[PDB]
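K.L.:
quick one, what's the 3D model for this:
(one chain, ligands or ions: 4)
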Amino acid sequence: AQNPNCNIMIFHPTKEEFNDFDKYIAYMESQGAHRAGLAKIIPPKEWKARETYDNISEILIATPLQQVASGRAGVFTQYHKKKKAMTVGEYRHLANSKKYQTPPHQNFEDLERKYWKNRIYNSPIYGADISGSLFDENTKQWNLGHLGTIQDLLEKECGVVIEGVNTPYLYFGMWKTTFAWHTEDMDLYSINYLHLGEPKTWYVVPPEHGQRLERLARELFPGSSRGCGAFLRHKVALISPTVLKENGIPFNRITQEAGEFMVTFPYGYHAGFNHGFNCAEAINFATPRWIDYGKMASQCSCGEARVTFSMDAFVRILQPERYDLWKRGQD
Ligand SMILES: O=C(O)CNC(=O)C(=O)O
Ligand SMILES: [Mg+2]
Ligand code: NI
Ligand SMILES: [Zn+2]
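P.N.:
Residues are numbered from 1 along each chain as shown. Ligands and ions are numbered 1, 2, ... in the order given. For reference, the structure is listed below:
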């Protein structure tokens, strides 16, 4: 078995190898990359997502989210308070303010320490889940707005034709902005490109060990656990590396820098934080190996996680028994 310790792998494709996305994902899996739950892909030196970022300040963040934490430093939840709309220009200025900017630090490790020590005492503002793309339409390789769609993958593999579309989303982050422990909707893959700015640190649990994370989370958030049989779908719970180590949960960490792609694999729990002002683009995708994960994916039926028009059809076809009670939570 390749990569038996489930280490995060880093790949450096040539421009020639960067021409066939599906084939490269299959290559990475042949090398055991999926066992980690997360892989880094450094694009060929000749590749660019776009010519410049010089005119992005006019993008609107219609509902910036203030991430308010409750709990203790290593075990907390966050809630998103909606704020008034602001432009990317306005948001960047806020990120750079004395109140919100990245603190002095020695290196990524000192900054990680400061994050876990201090996150709960601040409420950073996140411009998340903004439909759009920053790839130039002439970028032909690894353009997240030109990928084959999940609906077309299900059609090719299973023969069924369903409604729905699949488009990317932009994320504008600042120091301490946080993504809680989650897998993707329907345990899909995701791909994330860090277009610009300061890094993003990721933590990931190997898919083969995901249930160990779930069991810990039920112990650490016991009322959440009673309210919903899949509450990590709410994307509110954080657990520090220290806590994971104290409880024997296998995990890995890696820092993504501007210009790099990350891939999350089916049922790879992941969480992380941003080091400073940045802009990422991400989208979910499928391969044939995903289909069995989609059939087995947990769902939130308490009604909190409340998910997309396109996810309806996935549940309908892959989880017909659930269909019924799941759409009761979504209607
Ligand atoms: O970048 C973020 O805030 C969160 N992204 C993801 O969880 C992803 O790409 O799967
Ligand atoms: Mg603009
Ligand atoms: Ni994700
Ligand atoms: Zn729920």
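
K.L.:
the helix or strand hosting residue 314 packs against which elements?
P.N.:
Using DSSP states H and E, residue 314 maps to helix 309-318. Here helix 309-318 touches helix 150-158, helix 290-296, helix 323-329, going by 3 or more Cβ pairs under 8 Å, 6 or more residues apart in numbering; DSSP states H and E. For every residue, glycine as well, the C-beta is placed using N, CA and C.

K.L.:
so for residue 11, which of these sits nearest?
P.N.:
helix 290-296 (19.4 Å; Cβ to Cβ).

K.L.:
quick check: which helices or strands does that closest one pack against?
P.N.:
By 3+ Cβ pairs under 8 Å, 6+ apart, helix 290-296 packs against helix 150-158, helix 309-318.

K.L.:
re the thing from before, columns mean neighbour count and distance to residue 61 on top of the helices and strands packed on helix 309-318, output as a markdown table?
P.N.:
Formatted as a markdown table, the helices and strands packed on helix 309-318 follow (neighbours: other Cβ atoms under 10 Å; distance: least, Cβ to Cβ, whole Å):
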| stretch | mean neighbour count | distance to residue 61 |
| --- | --- | --- |
| helix 150-158 | 17 | 26 |
| helix 290-296 | 17 | 31 |
| helix 323-329 | 14 | 28 |
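
K.L.:
closest to ligand 2 out of the ones you listed?
P.N.:
Among these, helix 150-158 comes nearest to ligand 2, with 29.0 Å by Cβ to the ion.

K.L.:
list the contacts for residue 265?
P.N.:
Residue 265 sits next to 33, 34, 36, 37, 38, 39, 189, 207 when contact means Cβ atoms under 8 Å, 6 or more residues apart in numbering.

K.L.:
as a markdown table, those residues with secondary structure, neighbour count and distance to ligand 1 would be great.
P.N.:
Listed next are these as a markdown table, based on DSSP: H, G, I helix; E, B strand; the rest coil; neighbours: other Cβ atoms under 10 Å; distance: Cβ to the nearest ligand atom, whole Å:
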| residue | secondary structure | neighbour count | distance to ligand 1 |
| --- | --- | --- | --- |
| 33 | helix | 25 | 15 |
| 34 | helix | 28 | 14 |
| 36 | helix | 25 | 14 |
| 37 | coil | 28 | 11 |
| 38 | strand | 28 | 9 |
| 39 | strand | 27 | 12 |
| 189 | strand | 21 | 9 |
| 207 | helix | 21 | 14 |
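
K.L.:
in the stretch 151-300 of the chain, what residue spans correspond to helices?
P.N.:
Here the stretch 151-300 of the chain has its helices, by DSSP state H, counting those that start in this stretch, at 210-220, 222-227, 241-246, 290-296.
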